[PDB]
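Chains as they are written, first to last, in the authors' numbering: chain A, 10 to 48; chain B, 10 to 161, 172 to 270; chain C, 18 to 407; chain D, 154 to 711; chain E, 323 to 429; chain F, 538 to 644; chain G, 97 to 192; chain H, 9 to 226; chain I, 95 to 188. Encoded as structure tokens, the structure appears first; notes follow it.
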Amino acid sequence: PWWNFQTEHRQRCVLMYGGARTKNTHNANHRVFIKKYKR
Amino acid sequence: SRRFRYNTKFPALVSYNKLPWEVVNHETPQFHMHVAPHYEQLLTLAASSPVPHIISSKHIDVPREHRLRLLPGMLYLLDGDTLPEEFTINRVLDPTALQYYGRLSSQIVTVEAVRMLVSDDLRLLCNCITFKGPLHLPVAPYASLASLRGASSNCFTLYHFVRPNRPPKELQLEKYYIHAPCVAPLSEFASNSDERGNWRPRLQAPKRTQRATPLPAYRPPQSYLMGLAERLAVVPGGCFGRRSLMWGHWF
Amino acid sequence: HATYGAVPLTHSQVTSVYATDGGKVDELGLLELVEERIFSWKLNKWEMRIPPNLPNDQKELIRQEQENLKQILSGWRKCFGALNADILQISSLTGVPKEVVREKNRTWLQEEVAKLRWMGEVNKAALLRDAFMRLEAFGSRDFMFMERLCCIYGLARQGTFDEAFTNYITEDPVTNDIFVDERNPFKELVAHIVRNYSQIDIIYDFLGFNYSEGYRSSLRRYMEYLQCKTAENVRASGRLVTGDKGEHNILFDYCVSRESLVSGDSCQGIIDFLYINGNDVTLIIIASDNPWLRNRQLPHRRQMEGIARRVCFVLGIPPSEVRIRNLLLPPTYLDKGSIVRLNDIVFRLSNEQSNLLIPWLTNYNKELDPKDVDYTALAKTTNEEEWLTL
Amino acid sequence: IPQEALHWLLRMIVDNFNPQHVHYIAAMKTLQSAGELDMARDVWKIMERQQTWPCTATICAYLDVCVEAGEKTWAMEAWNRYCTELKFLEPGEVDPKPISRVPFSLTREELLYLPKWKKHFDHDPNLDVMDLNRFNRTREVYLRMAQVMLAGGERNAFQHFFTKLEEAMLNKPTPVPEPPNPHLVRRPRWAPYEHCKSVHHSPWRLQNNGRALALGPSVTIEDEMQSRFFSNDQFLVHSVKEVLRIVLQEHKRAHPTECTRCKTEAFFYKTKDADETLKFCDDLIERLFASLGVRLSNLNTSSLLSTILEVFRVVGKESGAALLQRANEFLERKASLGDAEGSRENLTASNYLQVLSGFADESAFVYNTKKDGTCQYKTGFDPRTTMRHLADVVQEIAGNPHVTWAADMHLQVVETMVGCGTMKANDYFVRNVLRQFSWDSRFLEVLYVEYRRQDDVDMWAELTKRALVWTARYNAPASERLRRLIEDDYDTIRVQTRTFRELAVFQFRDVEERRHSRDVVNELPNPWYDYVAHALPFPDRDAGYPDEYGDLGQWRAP
Amino acid sequence: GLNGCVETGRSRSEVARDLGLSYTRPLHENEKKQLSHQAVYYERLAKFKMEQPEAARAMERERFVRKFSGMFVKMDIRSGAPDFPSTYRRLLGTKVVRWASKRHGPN
Amino acid sequence: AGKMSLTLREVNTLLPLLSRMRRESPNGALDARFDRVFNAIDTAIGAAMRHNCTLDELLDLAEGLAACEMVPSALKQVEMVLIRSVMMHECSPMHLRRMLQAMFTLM
Amino acid sequence: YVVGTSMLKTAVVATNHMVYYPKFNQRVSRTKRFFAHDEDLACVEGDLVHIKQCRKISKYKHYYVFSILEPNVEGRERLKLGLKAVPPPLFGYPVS
Amino acid sequence: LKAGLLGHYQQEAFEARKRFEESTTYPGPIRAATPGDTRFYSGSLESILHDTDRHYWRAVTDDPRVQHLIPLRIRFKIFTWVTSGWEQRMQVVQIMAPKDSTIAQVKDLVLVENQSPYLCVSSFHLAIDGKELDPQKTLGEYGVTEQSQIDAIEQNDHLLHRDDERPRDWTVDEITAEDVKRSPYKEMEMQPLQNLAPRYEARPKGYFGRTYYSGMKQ
Amino acid sequence: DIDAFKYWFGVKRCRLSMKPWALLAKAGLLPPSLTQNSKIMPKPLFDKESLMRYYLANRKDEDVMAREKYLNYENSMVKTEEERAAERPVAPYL
RNA sequence: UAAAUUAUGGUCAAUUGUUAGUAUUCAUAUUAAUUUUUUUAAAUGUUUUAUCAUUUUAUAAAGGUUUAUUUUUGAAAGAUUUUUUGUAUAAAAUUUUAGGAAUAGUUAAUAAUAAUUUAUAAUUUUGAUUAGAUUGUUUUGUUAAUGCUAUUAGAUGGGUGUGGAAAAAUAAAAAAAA
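Here it is, written out as structure tokens:
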């Protein structure tokens, strides 16, 4: 098979950082904006 | 834009001759430390080679205005002890300063006296040394020192002019430093010697029955050593040699 | 190599420089020696041959000329190599000495091919047949002789190649003595060329080698030479050469079409030479390399009529038997067909008469470059036209 | 290691750089100086495969490689391919040619209508070869070719080249010499920091600071300009000298055992072809004298005289005294030629070294021949006469103060003393060359034979140990030959010569190696330890990658 | 003198200078003044230093002390950065108040 | 190398020296070594014909050019600035005669 | 294109580049301004110049005019007349 | 700038260049000028020490560094010690004086190649067959050539005023190599430089490891 | 990566930890580590006299030793006389 | 206005499962959950040295806000040597805000290290400065999708001016001169 450039990037990240490619970060965090000043 | 003209890696440094800890003071034995070996080698050269302007008349008579410009760094030998003009004489009596002519006093010529002549303006200095007797070295017939009556009424004096309070580069005699051989061990074989057929050549090593006598039995030290000199980077005995080649130290 | 004072040479200067006297030398053998010397080079040897301190226009023109020379030499190198390969192939297949292979015939080829096919080697017999058929067309010991000699003459003209044919460390093939050979086969061969071929310059320019001035001046010289040998009392001037007052044998070089033709003007008549022979008139024009100017170069029918009428007025020839022929020629060279037609209509001499009058026309072999069909068609039409008679 | 010069030349190619003629010259020079003549020819072949036409300086470097290697076929191919068409400078010709090529530039119209590959400039040396050849070095090319043909044995070609060279240099002007270009190095304009330790920094030995050469030279050198700055007649003298040098090296190559000192008894007697070699050399010298005539009196011939003395001392084996006589006769001939009387010049160190070497060769011997402990000397050897002559010569040299006395001169003096069998070589070494010179251990290799003849075995041993201590105190390592000489007497004098680490590693490595060789299984090849495969930066084939196109889920296109 | 040298890297100006030509626009009075009053100020300063040396020595001592006894005299990377206010932005405002803005040029 | 630039004071300083070397040479001309000297003087003249120049400086430049037998590339600018000087109040018969002599010796 | 020459030995060159927006498949051309260096004051406003980067000459000047591709003939003639290279604009930035 | 017009501008430039090559037709042989030097090297700034004043690779040697010079020999009166004593002899020094140098300049040059501490120590004057030479006279005006016997008579003064302020290797390029132990005409100038270390590339660009997919070029 | 290991080990003279050294000794690329010591055989005891006796008993000769060193470190592609003759150019000499 | 020329003298098809790749469910997936577990209580031994000292041992956190950088040759690697000469400082280019305007220890030139000078200087509506938010971050998630969405590699002008380099008040350990 042929791999993406993402595979090459993941290989580089794994080699430099020792397996640390990602963390599977939470994506659906519910943000809110709180207004401090007047309208 | 006066900031992007050049780099800043190599800035201008204060001149090495304006730092008190780098300039040799003529009133200390460290001054005579730097000059004595140059006198030794100069005398050895003068004993075996004719050097042009080392034997001279009364004194180099330059004008009073050109004296300090042309004179410093100049050296010359003279017959008999006579001192230059317009100088204040200070005879060094310090043993710590006179110890540095010991190899000059013993292996070249016995030194009568050493004196420092300071100009009246306190800007130029003359180290002058009076030697007595004949040279302990064999003097060649052509050597410029063979043209000195005092050598070979029997005292002659060297003069060396230098600026005071300058780095030890001032106290350097480089041009008087060419190694001319002295032919002592070859004159007997030369035709000029009638002691010429009296030597019997040894073309062959004698047949040896005995072996070299063994050294005294090796006794290990009995005191606390500092460690391995090769490991600590101490040259053999801290005197000479190579760290890699350890010898003559303990073990 | 290039020198600070090296310069290109003209024909008179080449003849003066290589002015040597000789009585007997094999042109073919010396040419073969010089060609083997050329072939035994690296591409580097062609590098530093443009004289410096020379204007950029002439420098570039010399660059085109030298590149053309090198390309022609390389083409002949490949042809010579293939010919020798076929010679070795025939000699090996048949068993005959390779020396006598060059004088065999189709009967011998048939018999040898029959023997090969009988012995069961059909592919080998086909190889022999193809080699012989391909070699009977390319094996003449002097095959492109005029092209090769003109190439050597161009090398001589360049003026930077005199020194590349000597000072070689060789070894005696028999005694095995290593020495420096100073003989200059290029010098001897060029001396022979200049001595013998008095109009080798005309051949060299006709073949299309001259990139500086083209072949127009050499064409004028050739035409005047034939006029001088066709008449018997010829007076020449700058632009006008006349024979007798009764035969009307006049050559008149009108102008230079290439420089005269401006690209932004509308005029139909610009001709190079005008030749009247007795009662017939011909306009010789060298077709310009620009297809959008060839059409303005070819004169109109009514202008042709006017030229005929003026000729009648001036020379008193009756309008009855005045007839003009318009003649078109290739831009940068001449064809063999073009030269023979030029001789046929301008001088009214046949092919055998032409070859008797000029020896080298017999084997002057040139063809129209197929890359340009516009000129072929236009020249076909103009030369197939009839005599406009009024 | 010398291979690294070729490696760095090849990295220029692999990095898509165009090496210049200066790079090729430097690589050839360094490899020849290291003795890798095959690698030098490899550099030349790399140049050719790159298709760069060599400057005449590159031609000269390659021809120097060919001269040293004695390969005439190499030089003949080089000559036929490149060196031909070279000519000497003519009286009317311009001395340096004007620079022809204008530096590469593009106008506002070319920048638009030209393609990139035509607008691109990569410093191609072929563009600049002709402006490199502004100066005529055909003189050097012809000299090198004559040397190559003489070494190869083609005397007719040698005569051709040399006659052309000599007539050109007698009838044609000198070309302007190419000045050295100082832009080939990246030195700082000045020393950033002024340290300048004293000459007497050490209280034990005398050192050599970067400011002053304060120990006396360790080798004699010739005081002359470079080959390019010579006149035509001066370079003719140089040409005769150099052809004599090539005759010498070829004689040494043909007879390596008669030219190495104190190795075999054949060193003492001249070979069969020596007389013809000397006849050729002497007739060449007479040809030089006849050609130049009175003009020779104003040409420096110290190097030529040194070469003459060396060729007569090696090929001819003439005694040192006869060598000095020949030197004096040559100098007097030169002085007399010119009708300028009452003024003759003196010999230099460069040829005083040759006469001293002649004396050393006279006194040489074969050490420890046939295990008999007896040294075999030349037949008819007269130590007293040799010593008298050497002492007279040394006194003359010392009386002349314009001779600099490098260390090799003292080495020949010491070797002559040791061979003559006087027991004062050690005293002379101590007084004249111990503390005042940077001496190698060849001095001690001679002084050890001197010591071995001492009456007392203990005196022998103690002198050996003191010599070792000298090697330590003054920074002169003991050579392998000296160490082996002292080892071969370990039974009589038990002077250890190998370090307690060196002997242990020798023990273990040697036993392991003999065991490994005697073992059969481990003799089998090992691809993991034998070699490296593909030390290049990039793969030798296309694995398919890269993919220069994005993907459907990819927005970052470039 | 309108095209620089591609191989030597010389600019238009150096090519013209080497050719011996001069492609200079007609200058206005203020431009000519800029190019003219370079020498007058140098001569004024040199004459000041030659004429009254006490004040010149005072001013030179002031400069030298103000420099030597000054912070950020290391000639490190931070000091060597060409545009400090823009290269080091987070410092401005909350740490350094010398510069009230982070942009002074086209960058 | 471009590390310097010459103004009319420097050019007028140099030109007499080169004229003196010319007069001291065996032939009338200097060696080829001075081609760059003359080229630099040429570029300096060409550039400084655009700045503001005094009558004395222009006259000295003309006299130096006459002495050195050197025709500049900015001959047109030089003569234009001479026109812009002939009818000035500062101009006197001495200045005019020097200018005319220099221009004749050149042209 | 040389846009301003109010500084001595310095030319302001307006250069353009392209930004790519995949969502709209657009190729929009942006503009950038550079302080160039011309030591002999040979550039006039309106010249099409070829500019090359190099070492730093000033705080904001790290380019130089390698060549003038198309000089402003009208600007040079106006400077000969003694006018401004280009008449100054009448609009500009608001003061508030 | 709109790239679409590049083709049209290319056609216009081609036609303009052809019109230029066709109309003016005034090329010719013009002397090329030395390319001088450029201040606009790329990268970061360089220090004072390394400003050798050339910022590009030029493989040729231009005229200004080329000098016309003649190999003169200068004779010296030296005395050698033979068994008897002080035999008179002759010493020579090779000097490369430019053709246009004056006799004073030749004398000053000879002062500089006198490495010998014994030869040029007292004031001397140059002479031809005894006739002293005028120190402000050019070589060509005396007609002296390399085949000219010229002597140096050493007047027995002392303290010869010297100025080593001019480096032995001083060309128009203003290079100053610190070591002045040999003249440029004597230095080979091409030899292996041991005062350095060859350095390999220890910084991988894009490829660091297991698989060379693309090499992360750039 | 044997090629890169040889590059960094030989030309770059990098350092080597004991755990990697032991791992590589398994591959035939390096000798067994200094710390891979067998608990059975005690470490050697050296005597200068015995070592000297062995060295003298079987010492190599100068030229063979130097040529082995040259082959190991400096060069390994040294051509034979036959290969030099083969590479040598032939009759025409062009 | 080209006008229907007589060979009809060759018919007998297609299908054999063999691939040049984004494919679309408005409700299934997707999150906090129906299945969320598991532990965690600080108070601390780097080392060698000639000994009241000296040599080796340069990126912890929170806070403050983040241009888009960095090969001190200078220490080590490291060798037949020798430099604190083995070119580290640069540039191009990509940002956000519902109520959109002015900014400045300022731009270039310079015989000016350390600017008493000269100029019609410099940033900005092609969106600057300040303020607000604010490490960047084709790596996350989702989809038929060049759409949407998510993120922790770091860095650090007043604490010794030491050092090759401040990165220096804490150290899952990268073994640190037997």
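Think of the CB as a built atom: it goes at the ideal place given N, C-alpha and C, for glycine as much as any other residue.
In this structure, how does DSSP classify residue i when only helix, strand and coil are distinguished?
{"i": "residue 231 of chain B", "result": "coil"}
{"i": "residue 155 of chain I", "result": "coil"}
{"i": "residue 163 of chain G", "result": "strand"}
{"i": "residue 178 of chain C", "result": "coil"}
{"i": "residue 385 of chain D", "result": "helix"}
{"i": "residue 342 of chain C", "result": "strand"}
{"i": "residue 135 of chain G", "result": "coil"}
What are the partner residues of residue i, as DSSP defines its beta bridges?
{"i": "residue 371 of chain C", "result": "Beta-bridge pairing links residue 371 of chain C to no other residue."}
{"i": "residue 125 of chain B", "result": "B:99 and B:136"}
{"i": "residue 81 of chain H", "result": "H:102"}
{"i": "residue 95 of chain H", "result": "H:88"}
{"i": "residue 149 of chain G", "result": "G:159"}
{"i": "residue 139 of chain H", "result": "H:136"}
Let's test the definition: count the other Cβ atoms within 10 Å of the Cβ of residue i and tell me whether it reaches 16, buried, or not, exposed.
{"i": "residue 642 of chain D", "result": "buried"}
{"i": "residue 10 of chain A", "result": "exposed"}
{"i": "residue 197 of chain B", "result": "buried"}
{"i": "residue 661 of chain D", "result": "exposed"}
{"i": "residue 28 of chain H", "result": "exposed"}
{"i": "residue 627 of chain F", "result": "exposed"}
{"i": "residue 23 of chain B", "result": "exposed"}
Assuming residue i contacts residue j under a Cβ cut-off of 8 Å, what Cβ separation, rounded to an integer in Å, is found between them?
{"i": "residue 381 of chain C", "j": "residue 210 of chain C", "result": "Rounded, the Cβ-Cβ distance is 16 Å, inconsistent with contact."}
{"i": "residue 278 of chain D", "j": "residue 171 of chain D", "result": "6 Å"}
query: Hey, which unbroken runs of the alpha helix (DSSP H) at 4 residues or more fall wholly within the stretch 650-674 of chain D?
result: Listed in chain order, the complete alpha helix (DSSP H) runs (minimum 4 residues) inside the stretch 650-674 of chain D are 653-671.
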